[PDB]
Amino acid sequence: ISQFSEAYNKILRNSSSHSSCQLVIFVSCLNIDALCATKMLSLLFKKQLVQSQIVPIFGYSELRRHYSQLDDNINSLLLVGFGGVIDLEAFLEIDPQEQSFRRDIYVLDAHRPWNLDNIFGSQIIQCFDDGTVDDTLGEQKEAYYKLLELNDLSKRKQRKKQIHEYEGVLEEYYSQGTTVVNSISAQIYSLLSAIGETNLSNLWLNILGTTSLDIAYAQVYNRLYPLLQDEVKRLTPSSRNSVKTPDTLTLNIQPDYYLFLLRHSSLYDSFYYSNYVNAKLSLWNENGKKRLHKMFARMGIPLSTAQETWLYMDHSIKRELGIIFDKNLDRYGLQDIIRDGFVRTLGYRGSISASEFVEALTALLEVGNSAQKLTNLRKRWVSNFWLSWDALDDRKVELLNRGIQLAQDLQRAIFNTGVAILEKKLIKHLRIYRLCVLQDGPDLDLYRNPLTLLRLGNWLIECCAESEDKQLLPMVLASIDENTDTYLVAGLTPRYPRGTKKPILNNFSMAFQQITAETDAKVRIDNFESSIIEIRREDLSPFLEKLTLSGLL
Amino acid sequence: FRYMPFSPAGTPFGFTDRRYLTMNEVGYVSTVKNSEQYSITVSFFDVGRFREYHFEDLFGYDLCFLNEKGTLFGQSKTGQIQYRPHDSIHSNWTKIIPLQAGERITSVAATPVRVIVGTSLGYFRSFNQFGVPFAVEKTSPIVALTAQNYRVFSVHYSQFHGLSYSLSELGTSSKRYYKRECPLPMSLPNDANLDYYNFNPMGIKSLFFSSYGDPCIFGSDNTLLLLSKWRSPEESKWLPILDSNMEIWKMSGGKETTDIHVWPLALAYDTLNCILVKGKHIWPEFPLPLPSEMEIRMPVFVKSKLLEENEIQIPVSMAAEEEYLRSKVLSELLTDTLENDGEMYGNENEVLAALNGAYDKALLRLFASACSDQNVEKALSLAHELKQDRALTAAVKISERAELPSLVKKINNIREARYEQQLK
Amino acid sequence: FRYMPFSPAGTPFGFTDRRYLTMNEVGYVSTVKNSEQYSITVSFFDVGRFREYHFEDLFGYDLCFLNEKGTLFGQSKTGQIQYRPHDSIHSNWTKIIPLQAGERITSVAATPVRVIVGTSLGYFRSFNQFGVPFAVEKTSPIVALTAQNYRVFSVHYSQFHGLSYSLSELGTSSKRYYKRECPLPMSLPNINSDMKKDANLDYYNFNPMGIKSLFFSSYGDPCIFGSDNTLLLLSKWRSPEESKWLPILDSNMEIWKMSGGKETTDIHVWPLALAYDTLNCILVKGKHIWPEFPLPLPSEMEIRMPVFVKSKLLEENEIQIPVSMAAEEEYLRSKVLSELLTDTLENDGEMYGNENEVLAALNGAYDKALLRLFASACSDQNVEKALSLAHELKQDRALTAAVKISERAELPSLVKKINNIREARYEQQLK
């Protein structure tokens, strides 16, 4: 219902004064795509000359202590992706005060399950409803529309069953798993194009966020293979090379690989994550530590000209892999390596693509630093978030490589224990899933912050990405570092070996409502993403007993 | 003869895949070719007034015209046109113009209340701002169009006779003709230069209307022509008030290059807006050039005399003749504009007072030179061209210093004759 | 299409190294080249008023125009012009017109109050008698110019157009247009393949348009004489939508009648001056159509309307024309001249002081010549044709004479029809 140009002009006139008419935006730090959408919105507000206030919020239980206590004349609140599932208007009471209301938020939710009240019956929740979903549960035109108003003994009895007929279609709905169907990069960049501001930095920025979802889903960005192509041609800066210009930020395309961060460095530590790619084939160590030695130590890898040979004349060897894997194409047919990709340059200072670039932003968000420990743990993640947001200037150079050298040990750290829990053989296929409890190993500290955990699962979902022609169910892990057995337990998604036909989002959050509804015996859902909860030590064993019988898939 | 699609201030493709569709004082419209379609990108100079936008071209439009309210597109092969207003209140409309065998649309134009479409066979189809047809007229084939408000200015070129222009006004009662196919004095031309000639057979680089109501044209001969007194056919004539070759030569130092051309953008009462294009091609490419302003100069010079007297510099005595010709044309047009249309900005009286003061001052420099060479008779004719009464008093002091008592009494007879006519 | 420098009545060099620069009713200007320079000698027909003089040329001035007050010289290559007044009151002046590459001065003109300089690109630069520059005007390319002390007459032609005419006046405040680029249907010269070895090829190379001479008449009517040997006079020039060209003289019929029906080509007509009844010319005898050194005595040739048959003149026989045939030609000649003289006196007035005696004699001969055709219609019993001839009479005394011709021819019904015309004119005169 909200045409994209209209809300911008409408939010322009509501706070454009040179006083404390302050509009304030909110963003989570727990997602990479959540960042990059906000950054481009801020800078146009700079050149439209408006005063602002940016606050990060990491926790879903924290939202009350950051809004509902400190407000004076904020008319224009803005928020990025928080309330697609839980209704905030039930979470936070706002009485109707002063039909043409006095304070209006927007919302930029990116998730699949929506909330019917937030689009229909909108009076303060001006949601982003434009040509996003044209089929916003198109059967709803009589269910709640007759729930609003609700001889007659035989007539109303039928009328209660029609309500009960409406009740089931609101029972199967609001009982679905979640993803993000369309990235928040897609919306606001399309909005700016309706305004029409030509800067390649924007075109460099919007493609970053959709690149982040390349490891969570598949066919979401497969729709955006044209929308990457047309813009880099329509925003063609030049037909010539027009060489030796230190400026101008030229944009091109070049092929690239799952074997990653190569152009930055290390065909050495590729050896690990080449075996990641052979972990996608049939092994983790055994044949490859012979098999890699047909394809790799063919050239001893130098010290000085390796600044030139695996920077420059590896183009003789990328060609050679390009003429190796063309004859590994009709015979091997493993198509996880050749990819179209995208690249940028700075005139000088090396070529940096966007494949490796999202990798540095994840690790640099991680490292780079009763109830008395969680406060001094929660003040960390907001602070180290902040040194990643300013990473989008040229002014950060010698901090850019800091995350780079950080990243190529963290994988060496995370692979150091993944190989341990395999060889321990503590994965047990009980009946439905597989359960693993990392009770204690070395280096437990790097598992408090949840962004590492999805990567550990991302490595662990791919150890079981062999054929497995029955029981394609992901796992649930367990780890503990701190007191009272906090146990940030989480679930994963099943994966496809590039063949989504079946609708596999999640079943656990439906069950996560169930166990949280039972006894409230020290269970917590205070963390933001529903795929992560907490548990007590004496509750994880009756957790699974409630889960091995409650088959909700 | 081949009927090529013409656009206002358009540039050809060359060896590239991109070009400029149209160009004016509002902005510029360009197209970028990709793998399967075309992509139209519209950029403006005043970013703070209008919202910049772009869209994909599925049909493949090659004709464009830009005014202060919208953008009009046209297809020469299928006759499909589309008008896109900048405001979201007005809805888009699409209609297909009927075309015969071998008929191609050569020029389009748009005003906020009327739509002008011209073809190669001379069919004149006019629409309103909603698409409702009013009349179908059969005239000469239109090859170039320009419009400000009501007026329709078409350049006609047939197969045998050719080279003519028409001037009309789309009034509320009926269409009135001020000129009925008068001959155009534009000079026709007798690799960058080779490719430009095929796409543009007449050599018309750009054409637009001035801010003071006079039609301007800029042909291949690089001479700015000014049509003065268009409301009266008895005194309607073309005035070449600016010569390209003279302006580049004086500012540079006394030389003349080849790669520095002058593309016209707009003329707003003092200078001609331009883009300095440096290179082999005569058409610009994509960098963002800064707009420049060239001061207006009458093309009256000798070439052998400037080399003997030596950026090339012009002396005092020689510049007085050029200053007299420039001020005489501008003062006559500004006087007729205010007495018929009135003020437009509110500061026309200060411009007129400063121009009339410099006109009488420049004539006194030539008046002083005639007295030094003892030519009393030439000095008598110069005194009659003065407008202000204070200029006649200053002419007496120049005459007494040059020891000519007979010339002094002749100035006083002009003063008594003007006072008698003023009291009648 | 390359242009050529045009002058009034100019002749080319031919097989010699000398030629005439210009020629008019005032005199003639010739030049003699003796291996390094040119020697311009200006001779006049009136030895009593002005004195013949000559000088040495060091710039090679080929363009010239002569009027009653001075002599103007112009250079087509460097653009240097020079005006030389005959009287000792005004001093000589020299100015150089700036010209670009390719652009050349094709025709010059000089009036006593304005200076007219025309170029090949169509630039119109006008100067006054003191040298003050005026506004620059850009128009069509000028190939021919003529003037008589007050107005500017320009002829335009290009490679993608055709011959036109313009009439304007250079006033004190601004330029006023009487005629603005109206089409002129004058025939172009048809050079064939056999003309490449002819001796008259040199005349068409210096003048491709074939314009031999052009000048204004004594009463103010524009005249032009092209390569088609037909004298064209512009009638009704005060009305732009009513302007008409009327041919009143043709040389192609007069040569054949005077030579006794022969087919020789050694007789031509070169127009010098025309003051309402006689075109002054020189009888040039020889192969060349252009004059050379020493000029013969001028002869007089009265104007005649070109209305004759060729087979009928041979059957009825210097060739002589009968009475009956000459009455039709006399009616056409007098009708054109009486209409132009009437409009001239009612708008411009008298010029010499004897226009009333010319008008009275012309109107008397007009009514007398119509009665000869009126008598022939009554003899062949055509009563209806005689009725239309009576309405063309102007004088009241001519209607009385028509009654006596009708009574002698025994037509009583024709007599009463003349009286109805008389009563109708008296009623209109009293309103």
# chains A, B, ... in the order shown; residues from 1 in each chain; ligands from 1
call {"tool": "residues_around", "arguments": {"residues": "range 340-348 of chain C", "least_positions_apart": "5", "cutoff": "10 Å", "atoms": "only C-alpha atoms", "output": "JSON, numbers by chain"}}
result
{"C": [219, 220, 221, 235, 236, 238, 276, 335, 355, 356, 358, 359, 362]}
call {"tool": "residues_around", "arguments": {"residues": "range 384-396 of chain B", "least_positions_apart": "4", "cutoff": "10 Å", "atoms": "only C-alpha atoms", "output": "MDAnalysis selection string"}}
result
(chainID B and resid 356:357 359:361 363:364 367:368 379:380 400:401 404:405 407:412 414:415 418) or (chainID C and resid 132 172:173)
call {"tool": "write_last_selection", "arguments": {"atoms": "N, CA, C and O atoms", "output": "mmCIF file, in the first residue's frame"}}
result
data_model
loop_
_atom_site.group_PDB
_atom_site.id
_atom_site.type_symbol
_atom_site.label_atom_id
_atom_site.label_comp_id
_atom_site.auth_asym_id
_atom_site.auth_seq_id
_atom_site.Cartn_x
_atom_site.Cartn_y
_atom_site.Cartn_z
ATOM 1 N N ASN B 356 23.015 51.731 -22.931
ATOM 2 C CA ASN B 356 22.905 53.012 -23.627
ATOM 3 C C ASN B 356 24.050 53.959 -23.276
ATOM 4 O O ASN B 356 24.415 54.822 -24.085
ATOM 5 N N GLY B 357 24.619 53.811 -22.076
ATOM 6 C CA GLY B 357 25.745 54.644 -21.685
ATOM 7 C C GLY B 357 27.023 54.219 -22.384
ATOM 8 O O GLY B 357 27.841 55.058 -22.771
ATOM 9 N N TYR B 359 27.066 52.724 -25.281
ATOM 10 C CA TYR B 359 26.843 52.961 -26.706
ATOM 11 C C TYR B 359 27.309 54.358 -27.106
ATOM 12 O O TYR B 359 27.979 54.529 -28.132
ATOM 13 N N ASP B 360 26.952 55.363 -26.306
ATOM 14 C CA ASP B 360 27.358 56.739 -26.581
ATOM 15 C C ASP B 360 28.839 56.966 -26.297
ATOM 16 O O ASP B 360 29.474 57.812 -26.933
ATOM 17 N N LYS B 361 29.396 56.219 -25.336
ATOM 18 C CA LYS B 361 30.808 56.348 -24.971
ATOM 19 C C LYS B 361 31.727 55.779 -26.051
ATOM 20 O O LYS B 361 32.790 56.346 -26.337
ATOM 21 N N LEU B 363 31.033 55.590 -29.243
ATOM 22 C CA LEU B 363 30.924 56.398 -30.454
ATOM 23 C C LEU B 363 31.840 57.621 -30.358
ATOM 24 O O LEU B 363 32.330 58.121 -31.379
ATOM 25 N N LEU B 364 32.114 58.093 -29.128
ATOM 26 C CA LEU B 364 33.004 59.235 -28.920
ATOM 27 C C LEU B 364 34.474 58.925 -29.203
ATOM 28 O O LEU B 364 35.267 59.842 -29.451
ATOM 29 N N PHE B 367 34.666 59.367 -32.785
ATOM 30 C CA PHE B 367 34.464 60.796 -33.015
ATOM 31 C C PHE B 367 35.758 61.569 -32.774
ATOM 32 O O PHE B 367 36.033 62.564 -33.454
ATOM 33 N N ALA B 368 36.557 61.121 -31.799
ATOM 34 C CA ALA B 368 37.829 61.771 -31.494
ATOM 35 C C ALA B 368 38.873 61.480 -32.570
ATOM 36 O O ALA B 368 39.739 62.320 -32.842
ATOM 37 N N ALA B 379 32.726 63.673 -38.901
ATOM 38 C CA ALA B 379 32.362 63.940 -37.511
ATOM 39 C C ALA B 379 30.922 64.433 -37.380
ATOM 40 O O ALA B 379 30.300 64.274 -36.323
ATOM 41 N N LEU B 380 30.390 65.059 -38.442
ATOM 42 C CA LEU B 380 29.018 65.565 -38.443
ATOM 43 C C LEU B 380 27.988 64.434 -38.453
ATOM 44 O O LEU B 380 26.957 64.518 -37.776
ATOM 45 N N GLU B 400 36.234 71.442 -29.314
ATOM 46 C CA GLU B 400 36.981 72.643 -28.945
ATOM 47 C C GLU B 400 38.452 72.339 -28.690
ATOM 48 O O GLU B 400 39.318 73.200 -28.898
ATOM 49 N N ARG B 401 38.749 71.120 -28.227
ATOM 50 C CA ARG B 401 40.124 70.707 -27.950
ATOM 51 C C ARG B 401 40.863 70.455 -29.267
ATOM 52 O O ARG B 401 42.077 70.678 -29.360
ATOM 53 N N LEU B 404 38.380 73.199 -33.814
ATOM 54 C CA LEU B 404 37.405 73.227 -34.903
ATOM 55 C C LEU B 404 36.174 74.019 -34.469
ATOM 56 O O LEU B 404 35.225 73.440 -33.923
ATOM 57 N N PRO B 405 36.170 75.349 -34.674
ATOM 58 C CA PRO B 405 35.010 76.161 -34.246
ATOM 59 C C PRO B 405 33.751 75.967 -35.079
ATOM 60 O O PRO B 405 32.649 76.218 -34.574
ATOM 61 N N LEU B 407 32.684 73.082 -36.229
ATOM 62 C CA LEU B 407 32.081 71.817 -35.817
ATOM 63 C C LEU B 407 31.251 71.994 -34.541
ATOM 64 O O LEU B 407 30.292 71.245 -34.311
ATOM 65 N N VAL B 408 31.616 72.988 -33.710
ATOM 66 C CA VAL B 408 30.926 73.293 -32.447
ATOM 67 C C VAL B 408 29.489 73.775 -32.677
ATOM 68 O O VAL B 408 28.548 73.286 -32.028
ATOM 69 N N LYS B 409 29.301 74.698 -33.630
ATOM 70 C CA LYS B 409 27.975 75.232 -33.962
ATOM 71 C C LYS B 409 27.043 74.207 -34.613
ATOM 72 O O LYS B 409 25.816 74.330 -34.518
ATOM 73 N N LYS B 410 27.613 73.198 -35.282
ATOM 74 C CA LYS B 410 26.812 72.155 -35.921
ATOM 75 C C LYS B 410 26.183 71.197 -34.909
ATOM 76 O O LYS B 410 25.158 70.571 -35.196
ATOM 77 N N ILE B 411 26.798 71.065 -33.728
ATOM 78 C CA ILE B 411 26.288 70.192 -32.670
ATOM 79 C C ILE B 411 25.069 70.880 -32.052
ATOM 80 O O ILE B 411 24.055 70.227 -31.753
ATOM 81 N N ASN B 412 25.134 72.214 -31.900
ATOM 82 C CA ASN B 412 24.035 73.000 -31.328
ATOM 83 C C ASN B 412 22.771 73.054 -32.184
ATOM 84 O O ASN B 412 21.672 73.278 -31.658
ATOM 85 N N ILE B 414 21.650 70.469 -33.854
ATOM 86 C CA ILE B 414 21.036 69.159 -33.632
ATOM 87 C C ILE B 414 20.229 69.239 -32.333
ATOM 88 O O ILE B 414 19.115 68.699 -32.248
ATOM 89 N N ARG B 415 20.776 69.942 -31.324
ATOM 90 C CA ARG B 415 20.131 70.135 -30.020
ATOM 91 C C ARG B 415 18.836 70.944 -30.108
ATOM 92 O O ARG B 415 17.850 70.628 -29.431
ATOM 93 N N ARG B 418 16.032 68.739 -31.885
ATOM 94 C CA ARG B 418 15.428 67.683 -31.081
ATOM 95 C C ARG B 418 14.449 68.243 -30.054
ATOM 96 O O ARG B 418 13.478 67.574 -29.686
ATOM 97 N N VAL C 132 30.661 55.152 -41.036
ATOM 98 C CA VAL C 132 30.180 54.577 -39.779
ATOM 99 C C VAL C 132 29.552 53.217 -40.068
ATOM 100 O O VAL C 132 28.633 53.117 -40.894
ATOM 101 N N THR C 172 16.859 56.037 -42.632
ATOM 102 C CA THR C 172 17.675 56.650 -41.584
ATOM 103 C C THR C 172 17.668 55.875 -40.269
ATOM 104 O O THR C 172 18.683 55.834 -39.562
ATOM 105 N N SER C 173 16.539 55.257 -39.925
ATOM 106 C CA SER C 173 16.421 54.504 -38.680
ATOM 107 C C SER C 173 16.574 53.001 -38.877
ATOM 108 O O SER C 173 17.310 52.348 -38.132
#
call {"tool": "closest_residue", "arguments": {"among": "B:375, B:11, B:37, B:198", "to": "chain A", "atoms": "only C-alpha atoms"}}
result
B:37
call {"tool": "residues_around", "arguments": {"residues": "range 47-63 of chain C", "least_positions_apart": "3", "cutoff": "6 Å", "atoms": "only C-alpha atoms", "output": "JSON, numbers by chain"}}
result
{"C": [38, 39, 40, 41, 43, 73, 74, 75]}
call {"tool": "residues_around", "arguments": {"residues": "range 477-488 of chain A", "least_positions_apart": "2", "cutoff": "6 Å", "atoms": "only C-alpha atoms", "output": "PyMOL selection string"}}
result
chain A and resi 436-438+444+533-537
call {"tool": "write_last_selection", "arguments": {"atoms": "N, CA and C atoms", "output": "mmCIF file, in the first residue's frame"}}
result
data_model
loop_
_atom_site.group_PDB
_atom_site.id
_atom_site.type_symbol
_atom_site.label_atom_id
_atom_site.label_comp_id
_atom_site.auth_asym_id
_atom_site.auth_seq_id
_atom_site.Cartn_x
_atom_site.Cartn_y
_atom_site.Cartn_z
ATOM 1 N N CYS A 436 24.756 -33.765 18.803
ATOM 2 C CA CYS A 436 26.148 -33.687 19.219
ATOM 3 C C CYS A 436 26.229 -32.706 20.380
ATOM 4 N N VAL A 437 26.899 -33.098 21.456
ATOM 5 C CA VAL A 437 27.140 -32.213 22.586
ATOM 6 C C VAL A 437 28.639 -32.070 22.770
ATOM 7 N N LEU A 438 29.159 -30.903 22.435
ATOM 8 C CA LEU A 438 30.553 -30.572 22.680
ATOM 9 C C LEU A 438 30.618 -30.242 24.167
ATOM 10 N N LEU A 444 37.303 -22.927 24.250
ATOM 11 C CA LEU A 444 35.856 -22.820 24.294
ATOM 12 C C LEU A 444 35.368 -21.384 24.213
ATOM 13 N N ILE A 533 18.459 -20.488 21.050
ATOM 14 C CA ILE A 533 17.849 -20.289 22.360
ATOM 15 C C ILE A 533 18.896 -20.625 23.412
ATOM 16 N N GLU A 534 18.482 -20.692 24.673
ATOM 17 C CA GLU A 534 19.332 -21.195 25.740
ATOM 18 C C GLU A 534 18.629 -22.342 26.448
ATOM 19 N N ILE A 535 19.386 -23.060 27.280
ATOM 20 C CA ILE A 535 18.847 -24.160 28.069
ATOM 21 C C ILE A 535 19.691 -24.290 29.329
ATOM 22 N N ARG A 536 19.135 -24.964 30.326
ATOM 23 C CA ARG A 536 19.823 -25.398 31.526
ATOM 24 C C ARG A 536 20.355 -26.818 31.325
ATOM 25 N N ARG A 537 21.338 -27.196 32.154
ATOM 26 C CA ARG A 537 22.006 -28.490 32.008
ATOM 27 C C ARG A 537 21.070 -29.649 32.306
#
call {"tool": "residues_around", "arguments": {"residues": "residue 88 in chain C", "least_positions_apart": "4", "cutoff": "12 Å", "atoms": "only C-alpha atoms", "output": "list in words"}}
result
residues 69, 70, 84 and 92 of chain C
call {"tool": "write_last_selection", "arguments": {"atoms": "N, CA and C atoms", "output": "PDB file, in the first residue's frame"}}
result
ATOM      1  N   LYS C  69      27.637  60.802 -58.575  1.00  0.00           N
ATOM      2  CA  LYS C  69      28.517  61.493 -57.641  1.00  0.00           C
ATOM      3  C   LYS C  69      29.929  60.942 -57.475  1.00  0.00           C
ATOM      4  N   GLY C  70      30.172  59.681 -57.817  1.00  0.00           N
ATOM      5  CA  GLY C  70      31.517  59.162 -57.633  1.00  0.00           C
ATOM      6  C   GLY C  70      31.754  57.860 -58.368  1.00  0.00           C
ATOM      7  N   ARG C  84      36.041  56.997 -54.979  1.00  0.00           N
ATOM      8  CA  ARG C  84      36.651  58.220 -55.504  1.00  0.00           C
ATOM      9  C   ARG C  84      35.625  59.247 -55.971  1.00  0.00           C
ATOM     10  N   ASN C  92      39.320  61.265 -50.490  1.00  0.00           N
ATOM     11  CA  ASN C  92      39.309  59.824 -50.697  1.00  0.00           C
ATOM     12  C   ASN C  92      39.493  59.044 -49.399  1.00  0.00           C
TER      13      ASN C  92
END
call {"tool": "select_by_dssp", "arguments": {"residues": "range 28-193 of chain A", "states": "strand (DSSP E or B)", "output": "PyMOL selection string"}}
result
chain A and resi 54-56+77-80+105-107+111+125-127+180
call {"tool": "closest_residue", "arguments": {"among": "A:544, A:191, A:259, A:203", "to": "chain B", "atoms": "only C-alpha atoms"}}
result
A:191
call {"tool": "closest_atom_pairs", "arguments": {"of": "chain B", "to": "chain A", "cutoff": "6 Å", "atoms": "only C-alpha atoms", "output": "tab-separated table"}}
result
residue	atom	partner	partner_atom	distance
B:32	CA	A:234	CA	5.6
B:51	CA	A:195	CA	5.2
B:52	CA	A:196	CA	3.9
B:53	CA	A:196	CA	3.9
call {"tool": "residues_around", "arguments": {"residues": "residue 402 in chain B", "least_positions_apart": "4", "cutoff": "10 Å", "atoms": "only C-alpha atoms", "output": "list in words"}}
result
residues 368, 371, 372, 373, 374, 397, 398 and 407 of chain B
call {"tool": "residues_around", "arguments": {"residues": "range 250-261 of chain B", "least_positions_apart": "6", "cutoff": "12 Å", "atoms": "only C-alpha atoms", "output": "ChimeraX atom specification"}}
result
/B:192-193,205,220,222,243-244,274-284,294-295,297,299,301,303,306-315,319
call {"tool": "closest_atom_pairs", "arguments": {"of": "chain B", "to": "chain C", "cutoff": "9 Å", "atoms": "only C-alpha atoms", "output": "Markdown table"}}
result
| residue | atom | partner | partner_atom | distance |
| --- | --- | --- | --- | --- |
| B:160 | CA | C:160 | CA | 7.8 |
| B:161 | CA | C:161 | CA | 6.2 |
| B:162 | CA | C:160 | CA | 7.4 |
| B:163 | CA | C:160 | CA | 8.0 |
| B:182 | CA | C:181 | CA | 8.3 |
| B:183 | CA | C:140 | CA | 8.0 |
| B:184 | CA | C:140 | CA | 7.7 |
| B:185 | CA | C:139 | CA | 5.1 |
| B:186 | CA | C:140 | CA | 8.4 |
| B:187 | CA | C:121 | CA | 7.9 |
| B:225 | CA | C:138 | CA | 7.9 |
| B:233 | CA | C:177 | CA | 8.9 |
| B:234 | CA | C:177 | CA | 5.8 |
| B:235 | CA | C:176 | CA | 6.2 |
| B:237 | CA | C:137 | CA | 7.2 |
| B:238 | CA | C:138 | CA | 5.7 |
| B:239 | CA | C:137 | CA | 5.1 |
| B:240 | CA | C:138 | CA | 6.4 |
| B:241 | CA | C:136 | CA | 7.8 |
| B:298 | CA | C:136 | CA | 8.7 |
| B:300 | CA | C:98 | CA | 6.8 |
| B:301 | CA | C:98 | CA | 5.6 |
| B:302 | CA | C:98 | CA | 4.5 |
| B:303 | CA | C:98 | CA | 7.1 |
| B:321 | CA | C:133 | CA | 7.2 |
| B:322 | CA | C:133 | CA | 8.9 |
| B:324 | CA | C:133 | CA | 8.0 |
| B:325 | CA | C:135 | CA | 5.9 |
| B:326 | CA | C:135 | CA | 8.2 |
| B:328 | CA | C:135 | CA | 7.4 |
| B:329 | CA | C:135 | CA | 6.8 |
| B:366 | CA | C:132 | CA | 8.9 |
| B:375 | CA | C:91 | CA | 8.6 |
| B:377 | CA | C:130 | CA | 7.2 |
| B:378 | CA | C:130 | CA | 4.6 |
| B:379 | CA | C:130 | CA | 7.9 |
| B:380 | CA | C:130 | CA | 8.6 |
| B:381 | CA | C:130 | CA | 6.6 |
| B:382 | CA | C:132 | CA | 7.3 |
call {"tool": "select_by_dssp", "arguments": {"residues": "range 394-508 of chain A", "states": "helix (DSSP H, G or I)", "output": "ChimeraX atom specification"}}
result
/A:400-424,444-447,451-460,483-485,508
call {"tool": "atom_distance", "arguments": {"atom1": "CA of residue 305 in chain C", "atom2": "CA of residue 248 in chain C"}}
result
5.2 Å
